[PDB]
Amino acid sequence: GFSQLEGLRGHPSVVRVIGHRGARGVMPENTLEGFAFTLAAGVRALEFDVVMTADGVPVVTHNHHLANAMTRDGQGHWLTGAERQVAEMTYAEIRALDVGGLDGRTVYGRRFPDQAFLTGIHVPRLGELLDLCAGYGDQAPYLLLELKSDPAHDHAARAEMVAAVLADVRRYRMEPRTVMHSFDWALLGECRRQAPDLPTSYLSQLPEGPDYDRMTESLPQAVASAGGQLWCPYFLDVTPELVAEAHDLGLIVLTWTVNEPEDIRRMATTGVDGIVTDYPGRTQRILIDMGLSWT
């Protein structure tokens, strides 16, 4: 089947640990430095986000607009004013910016007060991250590659994005580690069209994507029927019964983004295959305490 799933499939005593944006709680998110830390912490699977620049470069960042809370200019000053769209910026323009730390006077910055504060850190190209990962050979981590389609609907552009992402995955020969992951289920269908050998992972989050109000099948049922290999529900949306239903349909379930100790502990007991977390060490330690492992 899909050998990429071997790093994400759980067992009775095994719950996988996936580093969210690398390890946002410890290092600046979606940075090569953060990803290197995460792998050095023994984490075997990484989640990260891919968006496209104006000049067709896949880059690793979560927001479609560069957030003032996260971004400094070449002078070292936090950006102010309009948050600029990644889609309207060339790579070169993005590269001049610094995403090495957070502004501790902002609500977002105050969420992650223990994160290191680095300077002169660039938004990476997807190719840079893949090249890094490929160098580790058989120890390359599993990649939950979150595709973020430009919300400003053009199928041509969406197909171009998927094609650009795949060109990088293939260039670095990361097919055996790569999972295409998204809230955009139509985009996942396009992933499957251009890359039938890469598994697809379906993100879900209940309100308060599918029409959560009108749908008559369960989320796991909908994912299986769409052709997905993974169902990734927000952790407040998980029950042991829903996990069991997904497993009966042959799906792998990874939940996110679980950071509080009581929430990690609770999720580990539900049977989820793995936990996406901003705090991989914290998660490792809770799993060990419960007699579980992640390798």
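A residue's number is simply how far along the shown sequence it sits, counting from 1.
Query raised in the report: From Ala96 to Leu97, how many deposited residues does the entry skip: none, 1 to 3, 4 to 9, or 10 or more?
Result: Missing residues, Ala96 to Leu97: none.
Report task. Please count the deposited residues lying between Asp138 and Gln139 that the model leaves without coordinates, and give the class: none, 1 to 3, 4 to 9, or 10 or more. Result -> Nothing is missing between them.
Report task. Decide which of the stretches 272-280 and 7-15 has the higher mean C-alpha B-factor, going by the entry. Result -> Result of the comparison: 7-15.
Report task. On mean C-alpha B-factor from the PDB entry, just flag whether 170-178 or 211-219 is the higher one. Result -> Averaging CA B-factors over each stretch, the winner is 211-219.
Report task. Have a look at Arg84, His77, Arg105, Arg125 and flag the one whose Cα has the highest B-factor in the entry. Result -> That would be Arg84.
Report task. Using the temperature factors in the entry, find which of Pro58, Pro233, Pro28, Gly250 has the highest value at its Cα atom. Result -> Among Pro58, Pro233, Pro28, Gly250, the highest C-alpha B-factor in the entry belongs to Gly250.
Report task. Please rank the C-alpha B-factors of the chain's modelled residues and tell me whether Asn63 sits in the lowest, middle or highest third. Result -> CA B-factor rank for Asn63: highest third.
Query raised in the report: If you rank every modelled residue in this chain by C-alpha B factor, which third holds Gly120: lowest, middle or highest?
Result: According to the entry, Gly120 has a C-alpha B-factor in the chain's highest third.
**Report entry** Position of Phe112 among the chain's modelled residues by C-alpha B-factor, lowest, middle or highest third
**Finding:** It falls in the bottom third of the chain.
Query raised in the report: Within this chain, which third does the Cα B-factor at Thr90 fall in: lowest, middle or highest?
Result: It falls in the middle third of the chain.
Query - CA B-factor placement of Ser201, once the chain's modelled residues are sorted into thirds - result: Ranked within chain, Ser201 CA B lands in the lowest tercile.
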